[PDB]
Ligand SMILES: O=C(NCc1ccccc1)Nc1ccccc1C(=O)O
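Just the one chain here, the form solved without this ligand, laid out as structure tokens.
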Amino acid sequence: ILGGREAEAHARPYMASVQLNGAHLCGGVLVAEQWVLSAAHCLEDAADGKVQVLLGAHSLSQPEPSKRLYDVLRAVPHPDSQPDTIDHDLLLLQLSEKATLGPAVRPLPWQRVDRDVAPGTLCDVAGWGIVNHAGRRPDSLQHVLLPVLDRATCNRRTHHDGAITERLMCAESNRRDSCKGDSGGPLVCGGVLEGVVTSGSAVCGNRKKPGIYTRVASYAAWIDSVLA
């Protein structure tokens, strides 16, 4: 997270660290007691390759009562996701067992009605992604507040050139943006999960390139069917 701030420890009890071989790979959001939502590309490339999810965490390395590592029973990427596209870039992970809920671990309500988030709404995105252009990554969770950018403006050639579908959304990324390792992370509006960070970035904070987030409401049907 670029242009952010260390978050209050465990103030976002839904926050997940999706992990590969003991290292933070991606953000994630606990959406049901045994299900975490993330990005499909976090996993694409394959793995062979131990995937796990850290819940109740603030610091990735330091001891905390609420920290708990879960093995993953099944990785369900969205079947229409492709390793070379930003489209349908969602991944569901069933935990080895239902999560132990508490002040530091709680599922987050997500959006099921397929309407756009009003442009100008301030939404909260958190993660352990790189914090500067030199590529340094935080030990503890960062967050930032970003205004939602209208899709029309986000589709201008200078920005993303018509690529932002009705299934995607944009947030302003002028000095403040989500970066590499923030993928799969949650974009949260008024206490409700609206976005999942897609593939970005490392080219983090270019205002001419807004942050792209997959709209969860667009994949409500899919999420439910996997969860049943």
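Note that residue numbering follows the sequence shown and begins at 1.
Asker: Per the entry, where is the mean C-alpha temperature factor higher: 161-169 or 183-191?
Answerer: The entry gives the higher C-alpha B-factor average to 161-169.
Asker: Looking at the deposited entry, does 114-122 or 147-155 carry the larger mean Cα B-factor?
Answerer: Averaging CA B-factors over each stretch, the winner is 147-155.
Asker: Have a look at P77, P109, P138, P103 and flag the one whose Cα has the highest B-factor in the entry.
Answerer: The listed residue with the largest C-alpha B-factor is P138.
Asker: Relative to the other modelled residues in the chain, which third contains the C-alpha temperature factor of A23: lowest, middle or highest?
Answerer: Highest third of the chain for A23's C-alpha B-factor.
Asker: Tell me, lowest, middle or highest third: where does the Cα B factor of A220 rank within its chain?
Answerer: It belongs to the lowest third of the chain when residues are ordered by C-alpha B-factor.
Asker: Could you say whether, by C-alpha temperature factor, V29 belongs to the lowest, middle or highest third of its chain?
Answerer: Lowest third.
Asker: Among all modelled residues of this chain, ranked by Cα B factor, put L2 in the bottom, middle or top third, i.e. lowest, middle or highest.
Answerer: Highest third of the chain for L2's C-alpha B-factor.
Asker: For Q52, does the deposited CA B-factor place it in the lowest, middle or highest third of the chain?
Answerer: For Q52, the deposited C-alpha B-factor lands in the middle third.
Below, we refer to the form deposited with this ligand bound, which is not included among the displayed structures.
Asker: May I ask you to choose, among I130, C123, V105, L93, the residue with a heavy atom within 4.5 Å of this ligand in the bound PDB entry?
Answerer: In short, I130.
Asker: Can you pick out, from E64, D45, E166, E33, the residue that has a heavy atom within 4.5 Å of this ligand in the bound PDB entry?
Answerer: By the 4.5 Å criterion, the partner-contacting residue is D45.
Asker: Does this ligand come within 4.5 Å of any heavy atom of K180 in the bound PDB entry?
Answerer: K180 belongs to the contact set for this ligand.
Asker: Although the partner isn't part of this model, could you tell me whether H24 comes within 4.5 Å of this ligand in the bound PDB entry, counting any heavy atom of the residue?
Answerer: Output for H24 is yes: heavy atoms within 4.5 Å of this ligand.
Asker: Please determine whether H78 contacts this ligand in the bound PDB entry, using a 4.5 Å cut-off between heavy atoms.
Answerer: No, no contact at 4.5 Å.
Asker: Against this ligand in the bound PDB entry, would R151 count as a contact residue? Criterion: heavy atoms within 4.5 Å.
Answerer: Residue-level check for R151: no, no contact with this ligand.
Asker: Quick one: which of 187-195, 65-73, 35-43, 50-58 gets within 4.5 Å of this ligand in the bound PDB entry, going by heavy atoms?
Answerer: It is the stretch 35-43.
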